[PDB]
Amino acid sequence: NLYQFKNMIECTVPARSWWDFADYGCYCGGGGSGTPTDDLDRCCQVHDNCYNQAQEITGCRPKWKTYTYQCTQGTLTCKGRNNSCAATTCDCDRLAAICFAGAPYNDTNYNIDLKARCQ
């Protein structure tokens, strides 16, 4: 779920607040359209698409599904104790957290005007 995804980000990106990823570019946080503004935004586009795919699974709600994962000594892992829905969203989240850690953060793409720049 969202609470868990926030914790994953805190696992892989300790030197930053999760809020910094909550409203960035055209895809990070609320949103889902237009041309990704940079690498970090592309990380979020893939994550948004991954959630859309997971939602095709009966009764699977990415934002609310609680999965089992672990964050220890620099390693993020989704456990085999997850059903199909849990396993899918956990993977969506894990891949995004990893993506966020390797992408440059441009302060100038935080909180941009979606209606004018994400068409």
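Heads up: residue numbers just count along the shown sequence, starting at 1.
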| item | value |
| --- | --- |
| Entry-level comparison of average CA B-factors, 16 to 24 and 94 to 102, reporting the higher stretch | 16 to 24 |
| Mean C-alpha B-factor comparison - 71 to 79 and 44 to 52, higher one | 71 to 79 |
| CA B-factor ranking of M8, expressed as a third of its chain | lowest |
| Third assignment of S33 from its chain's C-alpha B-factors | highest |
